[PDB]
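A.B. asks: Quick one: the structure is below, questions incoming.
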6 protein chains.
Amino acid sequence: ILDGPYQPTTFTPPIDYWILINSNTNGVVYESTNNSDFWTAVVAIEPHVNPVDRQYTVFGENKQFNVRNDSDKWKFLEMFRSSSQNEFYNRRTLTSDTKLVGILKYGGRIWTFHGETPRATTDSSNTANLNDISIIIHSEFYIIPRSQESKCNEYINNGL
Amino acid sequence: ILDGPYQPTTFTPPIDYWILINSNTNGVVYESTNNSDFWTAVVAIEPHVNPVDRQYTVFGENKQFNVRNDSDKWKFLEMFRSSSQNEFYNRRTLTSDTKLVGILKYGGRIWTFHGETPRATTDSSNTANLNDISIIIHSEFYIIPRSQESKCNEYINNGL
Amino acid sequence: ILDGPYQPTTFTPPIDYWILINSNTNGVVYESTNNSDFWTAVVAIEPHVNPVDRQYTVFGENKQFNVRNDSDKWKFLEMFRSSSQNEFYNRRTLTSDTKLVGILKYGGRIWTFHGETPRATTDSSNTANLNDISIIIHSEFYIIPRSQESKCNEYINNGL
Amino acid sequence: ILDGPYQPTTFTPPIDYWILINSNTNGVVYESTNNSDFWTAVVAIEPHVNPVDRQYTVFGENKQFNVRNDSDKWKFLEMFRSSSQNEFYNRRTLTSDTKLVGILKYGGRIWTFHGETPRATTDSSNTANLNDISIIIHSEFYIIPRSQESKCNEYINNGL
Amino acid sequence: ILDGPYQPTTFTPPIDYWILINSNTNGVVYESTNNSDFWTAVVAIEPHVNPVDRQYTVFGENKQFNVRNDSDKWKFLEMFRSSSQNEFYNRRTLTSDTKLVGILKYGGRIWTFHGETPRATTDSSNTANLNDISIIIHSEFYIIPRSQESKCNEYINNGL
Amino acid sequence: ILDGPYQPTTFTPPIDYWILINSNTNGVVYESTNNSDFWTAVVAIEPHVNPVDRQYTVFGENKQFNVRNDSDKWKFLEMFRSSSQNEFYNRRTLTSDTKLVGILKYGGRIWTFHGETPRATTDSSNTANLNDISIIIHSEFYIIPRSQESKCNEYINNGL
């Protein structure tokens with residue numbers, strides 16, 4: 001039933017499908033932008049990390065993020081900005097022991113999971129141009145139709 | 001010295017300028033949004049108004065707000081929401097007998113005046129997208145550079 | 001309660017308001033684009049015009065459109081293309097004796113009136129970026145909240 | 001000579017190339033849309049299928065399609081809609097024992113093969129936006145330049 | 001034929017149109033920016049001005065520009081910077097006794113006239129974001145389609 | 001550190017990343033266009049080739065190119081056109097014994113390497129539509145962030 005795994009790649013995800021990414025390291029998980037008003041990059045932080053500056057490559061630039069993780073689970077930090085000129089800030093956080101992150105393009109919005117597993121839930125983000133939001137995925141990933149979102153939710157919160 | 005008056009219009013205010021609006025009736029003074037995470041509409045309440053439900057058109061919708069004003073001065077109510085899905089609430093108030101209200105896009109934030117004249121002071125509102133914030137203004141207004149904010153403060157509090 | 005008339009101008013109309021334009025000549029009534037995937041120009045054809053090529057200036061270019069109108073009423077032709085390299089084609093037509101044309105930005109789509117008065121109805125067009133769609137209006141116009149679309153519909157179909 | 005085979009993927013086909021897809025099962029062969037006025041999904045129906053309603057996942061939704069094949073060959077049904085608010089109808093059919101389907105973006109239109117091998121011919125579908133048409137392909141496929149369309153035609157009708 | 005004159009205002013000029021501004025004093029003629037990679041202010045220097053620092057308000061701030069005019073004509077100095085953290089420099093100059101200045105958004109660039117009337121010519125400036133370039137105009141101005149640029153050239157060099 | 005190698009494919013490269021292509025034969029190295037104002041195809045010419053017409057498939061069509069290499073190194077010729085209805089001309093050349101070529105989308109322009117290794121340098125080409133520039137790559141390639149352009153310069157000129 002499950003479509004994947006797909007190799008890391010760059011493409012424009014179709015409307016109405018969940019992209020489910022299997023993180024495998026403490027780097028950038030994915031970067032997403034439409035190059036007009038929406039830039040999101042998600043960074044993985046391994047458990048038990050005392051506050052520290054780390055350097056990440058996002059959208060072709062070297063950026064320094066102050067980062068922390070007191071949990072025994074992994075933290076996936078959504079870093080967002082709406083213009084190349086603003087600094088990134090941590091918009092949302094997903095705390096997970098399954099290392100799965102999800103993103104959906106639907107109904108003019110970007111949907112992702114946040115909170116802590118196994119009770120993580122979806123939240124939405126606005127944009128002036130949803131269709132052109134493209135993504136660079138640095139891990140294996142799966143494609144799941146929105147029709148089977150309950151299945152995507154189960155994965156995010158319990159594993160594959 | 002003063003840049004204006006300009007006629008009612010809809011535009012995207014330049015960064016680093018005070019928009020100073022001279023209110024002339026008891027309706028919607030202005031409406032501002034980036035259609036992503038920031039909506040504000042300012043409604044003018046004339047002096048000595050017992051609690052009452054009034055209909056206003058804001059962002060193309062007919063909204064009812066319960067409103068009051070126990071003072072001898074006009075009250076300008078900031079009605080705010082951070083999502084197209086939320087109801088509004090009265091976030092801030094300017095109590096004024098100069099009938100001047102001000103709004104500024106600067107440093108990643110929206111700045112307005114609250115309090116009571118002649119001691120009204122600025123306060124900030126955060127947004128993730130300052131640049132795309134536009135405004136509909138329903139009365140005459142002036143444009144003042146932030147370099148002359150001291151002057152804008154004098155006008156807000158003491159009038160022209 | 002009718003907001004206007006406003007002078008011909010160039011702006012980006014706010015979401016959730018009908019722009020009602022009172023055509024006054026047989027030229028270009030308005031031109032609307034987001035400069036990425038949506039260009040629409042409406043041209044006004046007076047009653048009883050045998051098939052003929054006419055020159056119009058649209059989006060800064062001199063364009064030739066083959067044009068007709070056998071009706072006793074005016075015809076407002078929606079000329080559309082999705083890229084600066086496509087040719088325009090007549091996408092919709094409003095046949096009116098009120099000479100009022102309407103355009104609305106709502107729900108990710110552009111809404112306009114088409115058909116024949118007094119039975120003209122609204123239709124939608126898709127685009128990847130609704131928010132950035134601007135318009136140049138070459139005649140006086142009015143602004144009407146979508147909340148009052150029933151009256152916009154009545155003006156379109158019966159006049160001011 | 002022949003460009004491919006490429007693995008199943010999601011991308012935006014370059015203008016002026018035939019995408020030639022080798023179908024291997026009785027499900028969705030590919031999904032194509034520009035998310036404005038064009039959605040086409042092709043479903044593969046195995047030989048000798050009595051009229052039956054089958055579930056397919058298309059554009060992220062579960063859709064039920066009435067399907068039929070009394071032939072000894074496979075049937076590839078193009079299911080079409082020009083708006084996300086319309087029901088799909090079976091617009092065209094390719095009856096084939098080569099199991100090759102083809103799609104081309106060229107001259108402002110989508111071209112595909114239909115009819116019955118070895119006498120299948122090309123047919124066009126109009127759209128307002130050719131360039132933003134992208135595709136999800138669920139099987140191995142080849143890329144052939146339109147300059148070699150005669151060879152694409154041989155493959156469709158005779159196999160590789 | 002000529003569209004205008006229009007009153008001083010702030011707006012986002014349409015792509016493919018010359019904005020022709022009739023300067024009437026020795027101040028800032030216009031300010032234009034997309035707030036990302038393009039800031040330009042044009043200042044008007046009356047004839048016979050010895051080299052001197054003059055204070056101008058541009059983009060909401062007080063700046064002093066090294067200014068001079070050893071000629072009998074007016075000089076219009078383009079002051080430019082590519083980031084908010086750079087200081088302005090005089091990138092270009094138009095020497096004119098018509099007092100008309102021109103700016104055009106086209107082909108991913110900003111075009112303006114420079115040199116000396118009656119032989120002023122156009123030149124371009126790169127930007128990565130042409131669509132968001134807005135302008136504050138401090139004088140009456142006209143709008144001329146790029147299709148009639150030869151007339152705009154004549155106006156620039158010879159007057160209206 | 002180095003991201004790749006990736007297999008030949010068609011995609012829209014992200015903004016602000018060098019695409020570094022390792023040429024492996026004397027055919028078309030890559031084809032890139034936005035289908036509006038930018039078409040570029042690079043052809044690889046093996047050492048010691050007398051001036052001659054060779055025919056290549058670019059953008060789905062057969063084209064004849066005047067081709068020459070009088071050196072011991074490979075020559076990579078940039079064939080360019082700015083319109084569908086124009087013919088290609090040789091815009092730039094990279095002479096190289098590393099057989100690496102580079103293309104970057106940045107700052108509203110397309111950047112490539114030209115000259116002769118080990119002293120090849122970058123040059124830019126204007127476009128009005130950088131975001132729609134897609135590419136077909138015919139060899140293995142790598143992706144390097146612009147923040148590491150000095151390493152990309154090192155690979156271009158000295159190899160991996």
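Ordering of the structure tokens sets the chain letters (A, B, ...); residue numbers start at 1 within each chain; ligands are numbered from 1 in the order shown.
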Within 12 Å of segment 57-65 of chain D, counting only C-alpha atoms, which residues qualify if same-chain residues fewer than 4 places away don't, as a PyMOL selection string?

C.D. replies: (chain A and resi 1+3+13-19+104-106+143-149) or (chain D and resi 27-35+38-45+51-53+77-81+84+87-90+134-138)

A.B. asks: Would you mind listing, as number ranges by chain, all residues of chain A that have at least one atom within 12 Å of chain E, where only C-alpha atoms are what counts?

C.D. replies: A: 35-37, 82-86

A.B. asks: Excluding residue 71 of chain F and its own-chain neighbours fewer than 2 positions away, which residues fall within 8 Å of it when counting only C-alpha atoms? Please give them as an mmCIF file with N, CA and C atoms, in the first residue's frame.

C.D. replies:
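And here's out-v3.cif as it stands now:
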```cif
data_model
loop_
_atom_site.group_PDB
_atom_site.id
_atom_site.type_symbol
_atom_site.label_atom_id
_atom_site.label_comp_id
_atom_site.auth_asym_id
_atom_site.auth_seq_id
_atom_site.Cartn_x
_atom_site.Cartn_y
_atom_site.Cartn_z
ATOM 1 N N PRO F 47 38.709 16.770 -28.258
ATOM 2 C CA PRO F 47 39.883 17.472 -28.779
ATOM 3 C C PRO F 47 40.126 17.223 -30.262
ATOM 4 N N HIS F 48 40.789 18.181 -30.898
ATOM 5 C CA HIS F 48 41.219 18.088 -32.290
ATOM 6 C C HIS F 48 40.088 17.764 -33.261
ATOM 7 N N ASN F 69 37.166 22.343 -32.430
ATOM 8 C CA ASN F 69 38.066 22.257 -31.278
ATOM 9 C C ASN F 69 39.502 22.047 -31.739
ATOM 10 N N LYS F 73 42.392 19.979 -25.113
ATOM 11 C CA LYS F 73 41.354 19.853 -24.098
ATOM 12 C C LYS F 73 39.980 19.749 -24.733
ATOM 13 N N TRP F 74 38.994 19.337 -23.942
ATOM 14 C CA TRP F 74 37.612 19.331 -24.398
ATOM 15 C C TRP F 74 37.084 20.757 -24.456
#
```

A.B. asks: Which neighbours of residue 114 of chain B fall inside 7 Å, counting only C-alpha atoms, when residues of the same chain fewer than 5 positions from it are skipped, and could you give them as a PyMOL selection string?

C.D. replies: chain B and resi 92-94+120-122

A.B. asks: What would the file look like if the residues just selected were written as a short mmCIF file (atom, residue, chain, number, x, y, z; two decimals), in the first residue's frame with N, CA, C and O atoms?

C.D. replies:
```cif
data_model
loop_
_atom_site.label_atom_id
_atom_site.label_comp_id
_atom_site.auth_asym_id
_atom_site.auth_seq_id
_atom_site.Cartn_x
_atom_site.Cartn_y
_atom_site.Cartn_z
N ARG B 92 -5.93 46.29 21.46
CA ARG B 92 -5.43 47.55 22.02
C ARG B 92 -6.44 48.67 21.81
O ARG B 92 -7.31 48.58 20.94
N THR B 93 -6.28 49.73 22.58
CA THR B 93 -7.16 50.89 22.45
C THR B 93 -6.37 52.19 22.51
O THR B 93 -5.47 52.35 23.34
N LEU B 94 -6.69 53.10 21.61
CA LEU B 94 -6.23 54.48 21.70
C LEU B 94 -7.42 55.35 22.09
O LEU B 94 -8.42 55.39 21.38
N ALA B 120 -0.25 59.04 24.82
CA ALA B 120 -0.22 57.83 24.00
C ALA B 120 1.21 57.49 23.60
O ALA B 120 2.00 58.37 23.27
N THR B 121 1.52 56.19 23.65
CA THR B 121 2.84 55.66 23.36
C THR B 121 2.77 54.51 22.35
O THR B 121 1.72 53.91 22.16
N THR B 122 3.90 54.19 21.72
CA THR B 122 3.91 53.13 20.72
C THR B 122 3.98 51.74 21.34
O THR B 122 4.52 51.57 22.44
#
```

A.B. asks: Near residue 157 of chain D, within 8 Å and counting only C-alpha atoms, which residues show up once chain neighbours fewer than 5 positions away are dropped, as a list in words?

C.D. replies: residues 96, 98, 117, 118, 119 and 120 of chain D

A.B. asks: Could you give me, as a PyMOL selection string, the residues within 8 Å of residue 110 of chain F, counting only C-alpha atoms and dropping anything in the same chain fewer than 6 positions from it?

C.D. replies: chain F and resi 103-104+124-127+130

A.B. asks: Which value, in Å to one decimal, gives the distance between atom CA of residue 128 of chain A and atom CA of residue 10 of chain F?

C.D. replies: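 Between atom CA of residue 128 of chain A and atom CA of residue 10 of chain F the gap is 26.4 Å.
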